[PDB]
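Colleague: Residue numbers (the entry's author numbering), protein chains in the order written: chain A, 24 to 130; chain B, 2 to 150; chain C, 2 to 149; chain D, 448 to 795; chain E, 349 to 398; chain F, 199 to 346; chain G, 888 to 1035.
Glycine is no exception: its CB is placed at the ideal position from the N, C-alpha and C atoms.
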Amino acid sequence: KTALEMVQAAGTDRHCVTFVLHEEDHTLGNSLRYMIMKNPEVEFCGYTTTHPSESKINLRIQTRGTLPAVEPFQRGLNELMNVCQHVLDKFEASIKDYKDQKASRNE
Amino acid sequence: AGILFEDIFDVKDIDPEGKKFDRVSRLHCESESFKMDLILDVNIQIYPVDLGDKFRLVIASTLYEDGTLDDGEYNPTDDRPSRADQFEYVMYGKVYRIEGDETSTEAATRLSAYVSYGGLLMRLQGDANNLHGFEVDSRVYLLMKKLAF
Amino acid sequence: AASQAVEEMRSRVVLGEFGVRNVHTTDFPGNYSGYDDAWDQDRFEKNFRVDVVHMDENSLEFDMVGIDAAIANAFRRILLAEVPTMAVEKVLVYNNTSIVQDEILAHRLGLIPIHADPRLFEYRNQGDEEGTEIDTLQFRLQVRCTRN
Amino acid sequence: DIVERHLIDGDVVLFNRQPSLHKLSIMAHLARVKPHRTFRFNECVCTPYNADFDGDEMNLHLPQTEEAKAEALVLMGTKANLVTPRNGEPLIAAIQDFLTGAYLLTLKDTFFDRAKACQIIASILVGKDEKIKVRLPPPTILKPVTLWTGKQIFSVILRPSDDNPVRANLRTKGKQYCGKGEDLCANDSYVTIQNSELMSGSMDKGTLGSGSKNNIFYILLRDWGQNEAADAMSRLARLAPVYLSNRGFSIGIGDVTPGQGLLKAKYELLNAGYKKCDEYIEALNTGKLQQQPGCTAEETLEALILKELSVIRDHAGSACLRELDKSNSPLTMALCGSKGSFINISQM
Amino acid sequence: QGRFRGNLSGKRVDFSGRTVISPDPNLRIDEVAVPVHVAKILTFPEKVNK
Amino acid sequence: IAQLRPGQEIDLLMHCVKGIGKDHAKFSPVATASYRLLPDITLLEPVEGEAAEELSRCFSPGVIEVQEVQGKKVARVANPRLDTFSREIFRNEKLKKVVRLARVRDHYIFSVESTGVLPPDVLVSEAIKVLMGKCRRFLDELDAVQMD
Amino acid sequence: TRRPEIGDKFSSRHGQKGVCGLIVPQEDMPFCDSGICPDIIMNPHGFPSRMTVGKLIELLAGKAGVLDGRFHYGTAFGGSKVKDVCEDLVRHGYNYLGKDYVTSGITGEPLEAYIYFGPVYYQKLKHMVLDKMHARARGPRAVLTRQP
RNA sequence: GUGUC
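1) Report yes if the C-beta distance between B:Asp-8 and B:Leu-58 is below 8 Å; otherwise report no.
2) Give a yes or no on whether 8 Å exceeds the smallest Cβ distance from C:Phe-76 to chain F.
3) Which one of F:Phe-283, F:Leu-337, F:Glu-291, F:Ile-326 has the shortest CA to CA distance from F:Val-261?
4) Hey, quick one: how far does the beta strand (DSSP E) through C:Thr-147 stretch, first residue to last?
5) Which chain G residues sit within Cβ distance under 9 Å of A:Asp-48?
6) Tell me which residues of the segment 588–604 of chain D have at least one Cβ-Cβ distance to chain C shorter than 9 Å, keeping chain order.
7) Does the Cβ of C:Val-144 lie closer than 7 Å to at least one heavy atom of the ligand COA?
8) Who does C:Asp-64 pair with in a DSSP beta bridge?
9) What residue range is occupied by the uninterrupted beta strand (DSSP E) comprising D:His-476?
10) Would you mind working out which of C:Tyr-33, C:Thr-147, C:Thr-137, C:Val-94 sits nearest B:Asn-76, comparing C-alpha positions?
11) Looking at C-beta atoms only, is the number of pairs between the segment 112–127 of chain C and the segment 888–908 of chain G that lie closer than 8 Å three or more?
12) Anything in chain C within Cβ reach of A:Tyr-57, meaning under 7 Å, just list it in chain order.
13) Contact between the segment 476–485 of chain D and the segment 452–459 of chain D: three or more CB pairs below 8 Å?
14) Would you call D:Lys-555 buried or exposed, if buried means 16 or more other Cβ atoms sit within 10 Å of its Cβ?
15) How about C:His-116 and F:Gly-219: are their beta carbons less than 8 Å apart?
16) State yes or no: is the beta carbon of A:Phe-67 nearer than 8 Å to at least one beta carbon in chain D?
17) Need the endpoints of the alpha helix (DSSP H) that D:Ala-719 sits in, please.
18) State yes or no: is the C-beta of D:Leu-717 within less than 8 Å of the C-beta of D:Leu-736?
19) For D:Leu-710, does the count of other Cβ atoms within 10 angstroms reach 16, so buried, or fall short, so exposed?
20) Thinking just about the alpha-carbon of each residue, which of D:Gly-734, D:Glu-729, D:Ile-752, D:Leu-691 is nearest to the one in D:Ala-719?
21) Are any of the Cβ atoms in chain G nearer than 8 Å to that of F:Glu-266?
22) Are the segment 121–129 of chain A and the segment 328–340 of chain F in contact at 8 Å, needing three or more beta carbon pairs?
23) How about D:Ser-649 and D:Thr-557: do their beta carbons lie closer than 8 Å?
24) Is B:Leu-132 helix, strand or coil by DSSP?
25) Assign G:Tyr-1003 to buried or exposed, taking buried as 16 or more other Cβ atoms, counted over all protein chains shown, within 10 Å of its Cβ.
26) Can you list, in chain order, the residues of its chain with a C-beta nearer than 8 Å to that of F:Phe-288? Leave out the 5 residues immediately preceding and following it.
27) According to a CB-to-CB cut-off of less than 9 Å, which residues of the segment 992–1006 of chain G neighbour chain C?
28) Please confirm whether D:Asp-635 and D:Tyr-550 have their CB atoms less than 8 Å apart.
29) Between which two residues does the beta strand (DSSP E) harbouring F:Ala-231 extend?
30) Quick one: does C:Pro-30 have its CB under 8 Å from some CB of chain A?
31) Among B:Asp-67, B:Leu-70, B:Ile-4, B:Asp-23, which residue has its Cα nearest to the Cα of B:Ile-60?
32) Quick one: list the residues of chain C neighbouring B:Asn-76, beta-carbon separation under 7 Å, in chain order.
33) Tell me which residues share the same chain as G:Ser-967 and place their Cβ nearer than 8 Å to its Cβ, disregarding the 5 neighbours each side in the sequence.
34) Output the boundary residues of the beta strand (DSSP E) element that contains E:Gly-365.
35) Tell me, please, whether the CB atom of G:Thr-962 is closer than 8 Å to any CB atom in chain C?
36) Would E:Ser-370 and D:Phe-462 be called neighbours here (beta carbons separated by less than 8 Å)?
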């Protein structure tokens, strides 16, 4: 199967890279563009849908200077993985403590 | 020090024809060193200018004293201490429509200059020799700062 | 005086009689020339918090502090579709003697949700209609009307 | 060996309507297979066909011989046929929604940031643009906030990159020209594009509208080649609508509501009009109303009170404009000129 | 409904169709979307080169 | 489901399979998935008695409490949470400069309401894992891509 | 049995006919506060030229009725006014005329301007695209003249 | 003959 493709610009060899993601929507596009805009080494980053009856998303990444656009992608993706991991870890403990406290105060 | 123009202005009128926008307003200024009419638009939400205030206006290029002229502007990088940290309002626009005074049909020496900061208009009038540079096509940075005394 | 309205512009969102100002979320590096924000992960961990307001039989109300709209909207979007569950797909009707349509009956039966744990069941391969034991649940329905 | 295969993408296929009056009612486009079981095409080319998009069923033809496949591409070409032989005005510029979006984008009131600018120009690299580097123009106002100006977003459609040699130059006025100044206007209704970048003015029905001269795409096609006019017509249809959808444009019943200070303004007019018109009756009965035109008694009375009724409506409509807000959706559409006019506002 | 401008002028064509139109602002100026059901019926003859 | 009469019979056998809500609406595991920004009501000047009692009625009940203490009839914000935004303060322009409505853009109130298939407190915890399921599957192939 | 698709003609019972455009899933179609999604998106650009004011009044009356719980009369040269109905829409807690605070879904950001929400009686018409669709390459010909 | 553009 085809997960992701890479389209590099004719002029810029490793400065303007467009990743083509298959079978995805604006969910992973907006979170990823946020995570990459959090990075200070990125100039232009943006996702767009090819067609509403399709599932191909073009996501462009540009870095200020001479730096490949593949590293910030995985960097932001791992940072988002850690963010959701921590969000789940805190939510589980909050739910647990609230539930045990409610059960205690009820009976 | 590539200073194209610098002076101290005072606001006489502000937004005379009612109010149309919610973030931009017209400004009418005047000077004391050289007789000149300066009109520009500034953001009220960011820079809340009021009536009867004195500010300092500087039009120049090449913020950094080190470099001759640089290629691209970087937002957080501060390699060279520029003039923007000392002031409090920065714009980057270009000049166009170099025309003069048309009221005086015979000999006059009053020249005007129009600048467009990507939508916001600026009109300057004044002496011929006071305007030393101000070429037809020039990328110029505007610098404004409040002077409260 | 103006710096205060500046930090308040990005913190809270003002509501007017017509139109809403300060809508876009600006907390990225290079935007503001007074502060710096690149990741601050360890600082973000101590600023984020979750609370539970109300928890009912089939409704949960919770609160998230210190988070943007992007990941929250992603959560809300994937809560609907990407979370799988079980539902009726295929229907064999033996003898339909009534007024309702067979297609409408199948649609209304598929609209019926099922109290089952979808974690134990697998995902069906590309295609098979015979039905294995691990990825298909059988249900029977039979009723005929008689006089009293 | 002759082989007949199915319709593939990249075919010169004719698409037209049945009520043909002019010669631009039939055109040839490139075919595209899409599984939705319906005909789909761009809205900009809807004016040549004069479709209404509610009950229209258009037809489609397929050339069979290779000799005719090349003749329908050079003569009946969408890029070639953009002006009409009747007068010479460009017929394919824009429709109501795109005009309204382009007007709301450039208002000398919109202010973006570094992040939203990268998203508005993110929906513009979709086609032959993936192998093209896009540039970020220098920001105007950055001492405090480094925020972006919405008028510089619109200048990207003209010059998307550094390699594209597009240098447009237009200087004209709008439909709301206040006067008393050529480019120091009060409502900024004066467009001045220099070196393919917007300097002043807001885009209205007279600048990029269909059925008008001094048009953006028209001047772009006259100065440069015609291929650059069609590549920049679809870039606007992908930039304006998404921004308009994310901004929010709506109309309710609160928009059209009479002001309390307006009800007594027209009450005076109606009372004075009635008091003045109901006098000419007994004036004619007594024998009066000296006549300038050669006519009969009832004819002069028919037009003497006909000008008394239009004054009430005109004065009411003119006093209503000072009573409305600056965000009224019907008034906004009237100022833009997409679908509506001041007559409809004064009538509603 | 004659033979001069009814048949000779008319001469109803083949390899054609007609369908209701719908908007799609995701194509170019010279593009049009054709359903696959119609594309399967229509055929275009061409000779095989090398 | 259906209505029968004397002389009618219905017999069906349905198959239940696993699916995601993006395929069909019947595979939606949650009935309502929504959130709300935290409200904020900030007063500017001290109000008088009747103005306070009239402002208490302009809002939803239980927002602005009128404290009457021995000389004063002041208004006080106690709980702005239970307040549906109707912005009815701009109806009468008599006060018009007493309230400021805002939304704190780091506070989110999520209210999940499940149909009854699974507890709603587990749906949010599963959505977090589903969000990273793809962030991991993309890195899985990026590993092989950068391996070359 | 048929389902609505792209190319079907619908009406608004107010002289406003149109074919369907894009079929949008539920992740889009923003909710305002409670989680109510737009069932059919209407364009505000066809209102001024057509000059139809009864549509907004009917929407307002229908919303007030479904909130209160009684049918509102809308007969010609009478019925109900817009003075007693809007003051009744305040008792519940909504805005008085038409406006609500919406939160865009594709981005996750609020909308600057307010959107007009409400229930409307729509009707489905004939002339589906399923029957208004024809294509022919080589078929039968007439015996008098060899023509389609 | 009816219905739509």
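Modeller: This is what the structure gives:
1) For B:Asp-8 and B:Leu-58, yes; Cβs fall inside 8 Å.
2) By the rule that beta-carbons nearer than 8 Å mark a contact, C:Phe-76 touches chain F.
3) The option with the nearest alpha carbon to F:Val-261 is F:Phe-283.
4) From DSSP, C:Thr-147 is part of no beta strand (DSSP E); its letter is neither H nor E.
5) Within 9 Å Cβ-Cβ: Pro-912, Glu-914.
6) For the segment 588–604 of chain D, the beta-carbon criterion of a distance under 9 Å to any beta-carbon of chain C is satisfied by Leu-589, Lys-590, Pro-591, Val-592, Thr-593, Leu-594.
7) Inclusion of the ligand COA in the displayed structure is not the case, the ligand content being empty and no account of it being possible.
8) Within the DSSP secondary-structure output, C:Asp-64 pairs in a beta bridge with C:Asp-52, F:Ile-307.
9) Taken as a continuous stretch (DSSP letters only), the beta strand (DSSP E) holding D:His-476 covers 473–480.
10) It is C:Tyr-33 whose Cα lies nearest to the Cα of B:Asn-76.
11) Using a C-beta cut-off of 8 Å, the segment 112–127 of chain C makes no contact with the segment 888–908 of chain G, since fewer than three inter-stretch Cβ pairs fall below that distance.
12) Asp-69, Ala-71, listed in chain order.
13) Segments in contact, yes.
14) So D:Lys-555 ends up on the buried side.
15) No, they are not a contact pair.
16) Interface residue, yes.
17) First-last of the alpha helix (DSSP H) with D:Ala-719: 707–733.
18) Not a contact, by the Cβ cut-off of 8 Å.
19) Counting Cβ neighbours within 10 Å, D:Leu-710 comes out exposed, since fewer than 16 surround it.
20) Among D:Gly-734, D:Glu-729, D:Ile-752, D:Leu-691, the Cα nearest to that of D:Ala-719 belongs to D:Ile-752.
21) So, not an interface residue.
22) Contact between the segment 121–129 of chain A and the segment 328–340 of chain F is absent, because fewer than three Cβ pairs lie under 8 Å.
23) Cβ distance not < 8 Å, so D:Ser-649 and D:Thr-557 don't count as in contact.
24) DSSP places B:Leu-132 in coil when its eight states are reduced to three.
25) Burial of G:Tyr-1003 is indicated by the presence of at least 16 other C-beta atoms within 10 angstroms of its C-beta.
26) Cβ contact annotation for F:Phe-288 (same chain, cutoff 8 Å, sequence separation greater than five): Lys-294, in chain order.
27) Under the 9 Å Cβ criterion, the segment 992–1006 of chain G contributes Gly-992, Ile-993, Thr-994, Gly-995, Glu-996, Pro-997, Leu-998, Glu-999, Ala-1000, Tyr-1001.
28) No; because the gap between Cβ atoms is not below 8 Å, this pair is not in contact.
29) Following the DSSP letters along the chain, one finds F:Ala-231 inside the beta strand (DSSP E) bounded by residues 228–241.
30) Residue-level contact check: C:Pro-30 touches chain A, since one or more beta carbons of chain A fall below 8 Å from its beta carbon.
31) Ranking the options by Cα distance to B:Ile-60, first place goes to B:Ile-4.
32) The answer, in chain order, is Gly-31.
33) If you ignore the 5 residues before and after G:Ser-967, its C-beta comes within less than 8 Å of the C-beta of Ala-948, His-959, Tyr-960, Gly-961, all in its own chain and listed in chain order.
34) In the DSSP assignment, E:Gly-365 falls within the beta strand (DSSP E) that extends over 364–371.
35) Cβ-Cβ to chain C under 8 Å: no for G:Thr-962.
36) Not a contact, by the Cβ cut-off of 8 Å.
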